[PDB]
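Novice: Following this message is one structure expressed as structure tokens.
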Amino acid sequence: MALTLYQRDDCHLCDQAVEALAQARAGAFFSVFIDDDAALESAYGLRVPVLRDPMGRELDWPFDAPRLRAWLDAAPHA
């Protein structure tokens, strides 16, 4: 319903992502594990740390706090 930050086994790459999120003060969201759906793995795989919105957009893995927020503001929240 809200945001969607795909993650995979081990915490590190996605860890930094969550950091930017928290920093950006995104808020609450839903986590999805790609470690189970090859479809998602093939779709993302390396781009596991992909930020998706309910509007129908995504954000690059590599981002910042103000860059992630500014991207968030681009869309509504709930």
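Ligands are numbered from 1 in the order shown, chains are lettered A, B, ... in the order of the structure tokens, and residues start at 1 in each chain.
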Counting only C-alpha atoms, what is within 10 Å of residue 5 in chain A, bar same-chain residues fewer than 4 positions away, as a ChimeraX atom specification?

Specialist: /A:14,17-18,21,29-33,48-53,58-59,61

Novice: Put those residues in a file: N, CA and C atoms, as an mmCIF file, in the first residue's frame.

Specialist:
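Produced file again39.cif, reproduced below:
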```cif
data_model
loop_
_atom_site.group_PDB
_atom_site.id
_atom_site.type_symbol
_atom_site.label_atom_id
_atom_site.label_comp_id
_atom_site.auth_asym_id
_atom_site.auth_seq_id
_atom_site.Cartn_x
_atom_site.Cartn_y
_atom_site.Cartn_z
ATOM 1 N N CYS A 14 21.285 -3.215 1.811
ATOM 2 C CA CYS A 14 19.946 -2.727 2.087
ATOM 3 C C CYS A 14 19.988 -1.917 3.385
ATOM 4 N N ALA A 17 20.482 1.502 2.774
ATOM 5 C CA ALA A 17 19.258 1.999 2.169
ATOM 6 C C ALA A 17 18.291 2.437 3.271
ATOM 7 N N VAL A 18 18.095 1.544 4.230
ATOM 8 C CA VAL A 18 17.201 1.825 5.342
ATOM 9 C C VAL A 18 17.671 3.092 6.060
ATOM 10 N N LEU A 21 16.556 6.002 4.282
ATOM 11 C CA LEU A 21 15.118 6.083 4.477
ATOM 12 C C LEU A 21 14.827 6.742 5.826
ATOM 13 N N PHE A 29 6.641 1.514 6.196
ATOM 14 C CA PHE A 29 6.533 0.885 4.890
ATOM 15 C C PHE A 29 6.524 -0.639 5.015
ATOM 16 N N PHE A 30 6.450 -1.295 3.866
ATOM 17 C CA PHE A 30 6.433 -2.748 3.833
ATOM 18 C C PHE A 30 7.701 -3.295 3.174
ATOM 19 N N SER A 31 8.245 -4.336 3.788
ATOM 20 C CA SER A 31 9.452 -4.960 3.274
ATOM 21 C C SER A 31 9.098 -6.244 2.519
ATOM 22 N N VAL A 32 9.792 -6.451 1.411
ATOM 23 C CA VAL A 32 9.562 -7.630 0.593
ATOM 24 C C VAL A 32 10.892 -8.348 0.353
ATOM 25 N N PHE A 33 10.875 -9.652 0.589
ATOM 26 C CA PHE A 33 12.067 -10.460 0.404
ATOM 27 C C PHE A 33 12.078 -11.111 -0.981
ATOM 28 N N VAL A 48 18.483 -5.311 -5.666
ATOM 29 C CA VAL A 48 17.644 -5.716 -4.551
ATOM 30 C C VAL A 48 17.149 -4.470 -3.813
ATOM 31 N N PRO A 49 18.116 -3.571 -3.490
ATOM 32 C CA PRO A 49 17.790 -2.342 -2.787
ATOM 33 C C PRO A 49 17.119 -1.336 -3.723
ATOM 34 N N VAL A 50 15.866 -1.622 -4.046
ATOM 35 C CA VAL A 50 15.104 -0.753 -4.928
ATOM 36 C C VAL A 50 13.897 -0.196 -4.170
ATOM 37 N N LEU A 51 13.790 1.125 -4.184
ATOM 38 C CA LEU A 51 12.693 1.793 -3.505
ATOM 39 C C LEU A 51 11.549 2.021 -4.495
ATOM 40 N N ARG A 52 10.401 1.445 -4.167
ATOM 41 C CA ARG A 52 9.229 1.577 -5.016
ATOM 42 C C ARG A 52 8.129 2.349 -4.284
ATOM 43 N N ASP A 53 7.319 3.047 -5.068
ATOM 44 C CA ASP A 53 6.229 3.829 -4.509
ATOM 45 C C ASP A 53 4.897 3.267 -5.010
ATOM 46 N N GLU A 58 10.038 4.257 -9.093
ATOM 47 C CA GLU A 58 11.110 3.648 -8.323
ATOM 48 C C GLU A 58 12.278 4.624 -8.176
ATOM 49 N N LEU A 59 13.135 4.329 -7.210
ATOM 50 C CA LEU A 59 14.294 5.168 -6.956
ATOM 51 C C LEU A 59 15.562 4.315 -7.029
ATOM 52 N N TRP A 61 19.083 2.662 -6.304
ATOM 53 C CA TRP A 61 19.598 2.107 -5.064
ATOM 54 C C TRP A 61 20.466 3.174 -4.392
#
```

Novice: According to DSSP computed on the backbone, where in chain A is there helix (DSSP H, G or I)? Give the residues as a PDB file with N, CA and C atoms, in the first residue's frame.

Specialist:
```pdb
ATOM      1  N   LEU A  13      23.910  -3.924   2.230  1.00  0.00           N
ATOM      2  CA  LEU A  13      23.585  -3.065   1.105  1.00  0.00           C
ATOM      3  C   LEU A  13      22.226  -2.405   1.348  1.00  0.00           C
ATOM      4  N   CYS A  14      21.285  -3.215   1.811  1.00  0.00           N
ATOM      5  CA  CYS A  14      19.946  -2.727   2.087  1.00  0.00           C
ATOM      6  C   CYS A  14      19.988  -1.917   3.385  1.00  0.00           C
ATOM      7  N   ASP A  15      20.946  -2.265   4.232  1.00  0.00           N
ATOM      8  CA  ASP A  15      21.105  -1.582   5.504  1.00  0.00           C
ATOM      9  C   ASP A  15      21.272  -0.081   5.255  1.00  0.00           C
ATOM     10  N   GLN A  16      22.236   0.242   4.406  1.00  0.00           N
ATOM     11  CA  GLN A  16      22.508   1.629   4.074  1.00  0.00           C
ATOM     12  C   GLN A  16      21.253   2.294   3.504  1.00  0.00           C
ATOM     13  N   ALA A  17      20.482   1.502   2.774  1.00  0.00           N
ATOM     14  CA  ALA A  17      19.258   1.999   2.169  1.00  0.00           C
ATOM     15  C   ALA A  17      18.291   2.437   3.271  1.00  0.00           C
ATOM     16  N   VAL A  18      18.095   1.544   4.230  1.00  0.00           N
ATOM     17  CA  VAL A  18      17.201   1.825   5.342  1.00  0.00           C
ATOM     18  C   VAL A  18      17.671   3.092   6.060  1.00  0.00           C
ATOM     19  N   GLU A  19      18.985   3.247   6.121  1.00  0.00           N
ATOM     20  CA  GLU A  19      19.573   4.404   6.774  1.00  0.00           C
ATOM     21  C   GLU A  19      19.104   5.692   6.095  1.00  0.00           C
ATOM     22  N   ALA A  20      19.201   5.697   4.773  1.00  0.00           N
ATOM     23  CA  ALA A  20      18.792   6.854   3.997  1.00  0.00           C
ATOM     24  C   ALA A  20      17.296   7.098   4.203  1.00  0.00           C
ATOM     25  N   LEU A  21      16.556   6.002   4.282  1.00  0.00           N
ATOM     26  CA  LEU A  21      15.118   6.083   4.477  1.00  0.00           C
ATOM     27  C   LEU A  21      14.827   6.742   5.826  1.00  0.00           C
ATOM     28  N   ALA A  22      15.388   6.152   6.870  1.00  0.00           N
ATOM     29  CA  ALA A  22      15.198   6.669   8.215  1.00  0.00           C
ATOM     30  C   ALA A  22      15.623   8.138   8.256  1.00  0.00           C
ATOM     31  N   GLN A  23      16.791   8.398   7.688  1.00  0.00           N
ATOM     32  CA  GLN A  23      17.322   9.751   7.654  1.00  0.00           C
ATOM     33  C   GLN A  23      16.346  10.685   6.936  1.00  0.00           C
ATOM     34  N   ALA A  24      15.864  10.221   5.792  1.00  0.00           N
ATOM     35  CA  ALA A  24      14.926  11.002   5.003  1.00  0.00           C
ATOM     36  C   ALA A  24      13.608  11.132   5.768  1.00  0.00           C
ATOM     37  N   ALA A  38      12.249 -16.130  -7.678  1.00  0.00           N
ATOM     38  CA  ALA A  38      13.278 -15.979  -8.693  1.00  0.00           C
ATOM     39  C   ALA A  38      12.898 -14.833  -9.633  1.00  0.00           C
ATOM     40  N   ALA A  39      11.597 -14.692  -9.847  1.00  0.00           N
ATOM     41  CA  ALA A  39      11.092 -13.644 -10.716  1.00  0.00           C
ATOM     42  C   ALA A  39      11.604 -12.289 -10.227  1.00  0.00           C
ATOM     43  N   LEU A  40      11.500 -12.089  -8.920  1.00  0.00           N
ATOM     44  CA  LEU A  40      11.948 -10.846  -8.316  1.00  0.00           C
ATOM     45  C   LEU A  40      13.477 -10.782  -8.364  1.00  0.00           C
ATOM     46  N   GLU A  41      14.092 -11.936  -8.151  1.00  0.00           N
ATOM     47  CA  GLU A  41      15.542 -12.025  -8.167  1.00  0.00           C
ATOM     48  C   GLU A  41      16.083 -11.638  -9.545  1.00  0.00           C
ATOM     49  N   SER A  42      15.433 -12.172 -10.570  1.00  0.00           N
ATOM     50  CA  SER A  42      15.836 -11.892 -11.938  1.00  0.00           C
ATOM     51  C   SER A  42      15.527 -10.435 -12.288  1.00  0.00           C
ATOM     52  N   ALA A  43      14.410  -9.957 -11.759  1.00  0.00           N
ATOM     53  CA  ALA A  43      13.991  -8.587 -12.007  1.00  0.00           C
ATOM     54  C   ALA A  43      14.969  -7.629 -11.324  1.00  0.00           C
ATOM     55  N   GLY A  45      17.587  -8.798  -8.397  1.00  0.00           N
ATOM     56  CA  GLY A  45      18.835  -9.518  -8.208  1.00  0.00           C
ATOM     57  C   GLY A  45      19.902  -8.613  -7.589  1.00  0.00           C
ATOM     58  N   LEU A  46      20.529  -7.821  -8.445  1.00  0.00           N
ATOM     59  CA  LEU A  46      21.568  -6.908  -7.998  1.00  0.00           C
ATOM     60  C   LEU A  46      20.921  -5.622  -7.478  1.00  0.00           C
ATOM     61  N   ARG A  47      19.778  -5.293  -8.063  1.00  0.00           N
ATOM     62  CA  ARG A  47      19.053  -4.098  -7.669  1.00  0.00           C
ATOM     63  C   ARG A  47      18.059  -4.424  -6.554  1.00  0.00           C
ATOM     64  N   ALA A  65      19.866  11.228   1.646  1.00  0.00           N
ATOM     65  CA  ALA A  65      18.755  11.503   2.542  1.00  0.00           C
ATOM     66  C   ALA A  65      17.835  12.545   1.902  1.00  0.00           C
ATOM     67  N   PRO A  66      18.464  13.655   1.432  1.00  0.00           N
ATOM     68  CA  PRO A  66      17.715  14.728   0.799  1.00  0.00           C
ATOM     69  C   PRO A  66      17.280  14.333  -0.614  1.00  0.00           C
ATOM     70  N   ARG A  67      18.027  13.403  -1.191  1.00  0.00           N
ATOM     71  CA  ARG A  67      17.731  12.931  -2.533  1.00  0.00           C
ATOM     72  C   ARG A  67      16.591  11.911  -2.498  1.00  0.00           C
ATOM     73  N   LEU A  68      16.530  11.176  -1.396  1.00  0.00           N
ATOM     74  CA  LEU A  68      15.498  10.168  -1.226  1.00  0.00           C
ATOM     75  C   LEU A  68      14.193  10.847  -0.804  1.00  0.00           C
ATOM     76  N   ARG A  69      14.335  11.859   0.038  1.00  0.00           N
ATOM     77  CA  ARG A  69      13.182  12.597   0.524  1.00  0.00           C
ATOM     78  C   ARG A  69      12.549  13.402  -0.614  1.00  0.00           C
ATOM     79  N   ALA A  70      13.395  14.148  -1.309  1.00  0.00           N
ATOM     80  CA  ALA A  70      12.933  14.965  -2.418  1.00  0.00           C
ATOM     81  C   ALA A  70      12.184  14.083  -3.419  1.00  0.00           C
ATOM     82  N   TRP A  71      12.620  12.835  -3.501  1.00  0.00           N
ATOM     83  CA  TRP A  71      12.002  11.884  -4.411  1.00  0.00           C
ATOM     84  C   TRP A  71      10.660  11.459  -3.810  1.00  0.00           C
ATOM     85  N   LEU A  72      10.646  11.356  -2.489  1.00  0.00           N
ATOM     86  CA  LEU A  72       9.439  10.961  -1.783  1.00  0.00           C
ATOM     87  C   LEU A  72       8.375  12.047  -1.953  1.00  0.00           C
ATOM     88  N   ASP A  73       8.776  13.275  -1.656  1.00  0.00           N
ATOM     89  CA  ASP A  73       7.870  14.406  -1.772  1.00  0.00           C
ATOM     90  C   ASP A  73       7.240  14.408  -3.166  1.00  0.00           C
TER      91      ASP A  73
END
```

Novice: Quick one: everything within 10 Å of residue 28 in chain A, counting only C-alpha atoms, minus sequence neighbours fewer than 5 positions away in the same chain. Send it as an mmCIF file with N, CA and C atoms, in the first residue's frame.

Specialist:
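Contents of the output file part-v1.cif:
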```
data_model
loop_
_atom_site.group_PDB
_atom_site.id
_atom_site.type_symbol
_atom_site.label_atom_id
_atom_site.label_comp_id
_atom_site.auth_asym_id
_atom_site.auth_seq_id
_atom_site.Cartn_x
_atom_site.Cartn_y
_atom_site.Cartn_z
ATOM 1 N N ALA A 2 1.812 1.290 0.927
ATOM 2 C CA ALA A 2 2.710 2.426 1.044
ATOM 3 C C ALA A 2 3.949 2.183 0.181
ATOM 4 N N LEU A 3 5.103 2.475 0.763
ATOM 5 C CA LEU A 3 6.363 2.294 0.060
ATOM 6 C C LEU A 3 6.706 0.803 0.015
ATOM 7 N N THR A 4 7.804 0.502 -0.663
ATOM 8 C CA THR A 4 8.251 -0.874 -0.789
ATOM 9 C C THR A 4 9.755 -0.923 -1.063
ATOM 10 N N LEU A 21 16.556 6.002 4.282
ATOM 11 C CA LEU A 21 15.118 6.083 4.477
ATOM 12 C C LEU A 21 14.827 6.742 5.826
ATOM 13 N N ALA A 22 15.388 6.152 6.870
ATOM 14 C CA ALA A 22 15.198 6.669 8.215
ATOM 15 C C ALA A 22 15.623 8.138 8.256
ATOM 16 N N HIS A 77 1.885 10.665 0.510
ATOM 17 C CA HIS A 77 2.193 9.728 1.576
ATOM 18 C C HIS A 77 0.905 9.337 2.305
ATOM 19 N N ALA A 78 1.057 8.437 3.265
ATOM 20 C CA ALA A 78 -0.081 7.973 4.040
ATOM 21 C C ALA A 78 0.422 7.228 5.280
#
```

Novice: Interatomic distance between CA of residue 25 in chain A and CA of residue 44 in chain A?

Specialist: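 Going from CA of residue 25 in chain A over to CA of residue 44 in chain A, I get 24.6 Å.
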
Novice: CA of residue 62 in chain A to CA of residue 35 in chain A: how many Å, to one decimal?

Specialist: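 Interatomic distance, CA of residue 62 in chain A to CA of residue 35 in chain A: 20.8 Å.
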
Novice: CA of residue 27 in chain A and CA of residue 75 in chain A, how far apart in Å?

Specialist: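 Result for CA of residue 75 in chain A versus CA of residue 27 in chain A: 13.6 Å, one decimal.
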